[PDB]
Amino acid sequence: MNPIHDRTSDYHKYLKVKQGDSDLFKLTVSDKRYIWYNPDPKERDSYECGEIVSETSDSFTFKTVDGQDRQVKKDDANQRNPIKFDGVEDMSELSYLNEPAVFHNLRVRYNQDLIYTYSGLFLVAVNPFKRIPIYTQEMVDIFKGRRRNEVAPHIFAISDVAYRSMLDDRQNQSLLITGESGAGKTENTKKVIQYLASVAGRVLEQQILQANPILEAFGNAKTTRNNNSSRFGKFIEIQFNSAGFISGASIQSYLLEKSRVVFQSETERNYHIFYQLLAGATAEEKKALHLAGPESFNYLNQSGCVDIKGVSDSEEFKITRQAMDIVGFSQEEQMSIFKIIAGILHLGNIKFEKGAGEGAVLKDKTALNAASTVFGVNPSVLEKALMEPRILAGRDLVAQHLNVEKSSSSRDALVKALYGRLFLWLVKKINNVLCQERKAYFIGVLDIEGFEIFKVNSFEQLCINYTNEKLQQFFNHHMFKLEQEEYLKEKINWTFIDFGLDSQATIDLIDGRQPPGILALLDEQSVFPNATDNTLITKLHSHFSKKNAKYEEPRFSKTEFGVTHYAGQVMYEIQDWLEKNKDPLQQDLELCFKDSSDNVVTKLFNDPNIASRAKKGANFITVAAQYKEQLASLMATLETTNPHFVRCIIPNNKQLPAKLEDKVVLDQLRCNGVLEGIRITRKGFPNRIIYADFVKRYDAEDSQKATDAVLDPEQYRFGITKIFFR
């Protein structure tokens, strides 16, 4: 039996809507009509189903749940779809396309663990927050080669469609997986990669998969929104030869959240690797590295959280090391990696105290000595580099004597540099292993850090949210703007629709050059010798307050500014932004570590690709300018691919299964442009081929006549160089 047609198969059990019973059939053939309405008009996302009992020319009257009777204009009415549509696999098929109707369909599917639903040309994936057995090899095998309409919605299906388009069109593809923090981007990314590796595979393929536990160990952490939050964005190029077999892969990582190494908010964790090393190391290795439990380290004992429900850090450590072995990190390199992790922990335990004067001293040198031992550096040199770094004053060489706060910050800067550089080094090592062939093609899978809002939002959140805004605009541009520009250019008699989705004003507020946006004003302040966080916020207010519609100068704070993003307004706290943008590290610290006896540490400080910083005239390039440039480069790459969108949707903000919260979901459906995306797919003309190229596949001087002969008139329209189909 073909599992697709076998109602006993796991495919049918886990990916198809369950058979309705005879009572549902009765309800399904009912002549009655229903409407979605709000019992409480202030709560616009909480809906009940009311029966339409009467109508006028312009209105419906319906019975509420409590049994009263309401009236509503037909043009304002959210009619409920005939219930034969409940659970439908592609929501472009719905008769009534409205918010409660789309949400209801997602809910019916979600309630039976069907997390994937097509919304026209793109896939919607609602996080189940539990394991559903739909990602086995057997599932992979079922989707292999199948057209999207032959099989159930699945991340595997869109992956296969991209793979088939790559071969059929000889064009690079991308899979763009959007979603707010914890929505499921990383999980789905991993599934796309699993699938491509299996269907296009011929050890290389295993190394591709095993890159993930490494990067997640060093790059992921518990935040309040996601127990396994990615703290770096990544674009994975899965590379193929001309025959369509996997030839390699390349990982581009984007800015890692280095600040997490030295500070975590309440209930959050540092990067997983710290907890994995401490829980998972042998008592031998804990002695050589001078390690104890998490509670003995300032960098791990501030949040009040050292464990994650359902996660064994010692077991994860074993998975991380196995991945490192498979990828090819030597035992030497692995030990050096954990020396750096241990050393960072020790550096964090250094306690600076006030000396006779304003300058800091280090009374207890235990932590300094353990760090220096594991890194292979001179402790006296390190001590002097932390508290008495030398700088130029003009051309004179002057020993500073940093006070306690500056010493502690410099120490943090060293830590963040060590961690950030190690991460870049891990990625580079992985890439060199996965770089074995010049590619013919690639499918690029984008997994950015998801849109996030916390009590305190800093520069890191602005960068993340800016990226999410840019990705949403990329969706807007491809689904709506480019689409409609093609229709109108080809004169298929298209009436332009304003879909009301445009993130450009927010993007410009952030990254504008002329007039200067936030990032540009930040950069200018960053190289202005007398700038402070206060002159910076004042500068932002001066440029944007009551001037830019997406900016708010709050009345309740002098140190925050609000950006209205697609996903909601975010208040950003300016504290430390100049320093975060400059990302300073005392040169004496680099000089100390350049002399490291450790082969990995020495690479982190001597390899120009890792250690060197690009210059913009008399200054180093800022974090913001670099960020902006890497993102612009990503977007340019994406523009050369055929994109496929997966919209991950989080069901609630508690990381709980079986708990769709309608306001949480509806906010995402709205700001993602899901309904608008379904509408363009229904009302528009998805596919078009130049007439001459259509005739040759299905020669003539009058290529249009040949096209009409071969051809229902409604499902097509003749353009000036192309035929258009539905």
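Residue positions are given as counts along the sequence shown, with the first one as 1.
Unmodelled residues of the deposited sequence between neighbouring positions residue 202 and residue 203 number 4 to 9. In this entry, residue 698 is separated from residue 699 by 4 to 9 residues of the deposited sequence that have no coordinates. Relative to its counterpart among 188-196 and 487-495, 487-495 has the higher mean temperature factor, C-alpha atoms as listed in the PDB entry.
Stretches 383-391 and 70-78 differ in mean CA B factor, with 70-78 having the higher one. Residue set 611, 91, 649, 589: peak C-alpha B-factor at 611 (per PDB entry). Take 438, 222, 421, 541 and read off each C-alpha B-factor from the entry; 438 has the highest.
Annotation for residue 583: CA B-factor lies in the middle third of the chain's modelled residues. Residue-level temperature factors show residue 620 in the highest third of its chain, judged at the C-alpha atom. In this PDB entry, the Cα temperature factor of residue 676 sits in the middle third of its chain's modelled residues. The deposited CA B-factor of residue 64 belongs to the highest third of values across its chain. Annotation for residue 35: C-alpha temperature factor in the middle third relative to the rest of the modelled chain, per the entry.
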